[PDB]
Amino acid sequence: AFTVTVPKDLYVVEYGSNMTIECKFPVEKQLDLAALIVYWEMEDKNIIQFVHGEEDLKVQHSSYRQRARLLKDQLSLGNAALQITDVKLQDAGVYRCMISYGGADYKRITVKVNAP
């Protein structure tokens, strides 16, 4: 069935560095961008909400101001990845990635930041 997959379910990053969390979803020939929906939610935050090729920033949590970004060019490959720049200690925690292209599925990624 439709299944979202993560290459790494645990990331160890360290402070003040730019990190990327990868999420892979099935794409066959050409990506139909209209059909694509991408949610990056860590816990009760919302990081990225992506529908019809637009980001709704009204629902993004303020912790992520001009910090988090979804990499677009990887999407055509069936890779929807989130890039948090300048990772702080509070960025450690469980991230969820929900995708709908055709069907829909989600996944969980735990991120540990280690201290200087």
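One rule holds for the numbers: they count along the sequence shown, beginning at 1. Take the two forms, find the largest set of C-alpha atoms that superpose within 1.5 Å, and that set is the rigid core.
Core-aligned, RMS over all structures and residues: is 38-46 or 51-59 the stretch with the greater C-alpha displacement in 4 other deposited structures of this protein?
Once the cores are fitted, 51-59 deviates more in 4 other deposited structures of this protein.
Identify the stretch, either 21-29 or 104-112, whose C-alpha atoms have the larger mean B-factor according to the entry.
The stretch with the larger average C-alpha B-factor is 21-29.
By the entry's C-alpha temperature factors, tell me which of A81, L36, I47, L77 sits highest.
Of the options given, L77 has the highest CA B-factor in the PDB entry.
By its CA B factor, does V6 count among the lowest, middle or highest third of the modelled residues in the chain?
Its C-alpha B-factor, which the entry lists for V6, ranks in the lowest third among residues of this chain.
Based on the entry's values, in what third of the chain does the Cα temperature factor of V87 lie: lowest, middle or highest?
As the PDB entry reports it, the C-alpha B-factor of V87 lands in the highest third of its chain.
Lowest, middle or highest third of the chain for the C-alpha temperature factor of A68?
CA B-factor rank for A68: highest third.
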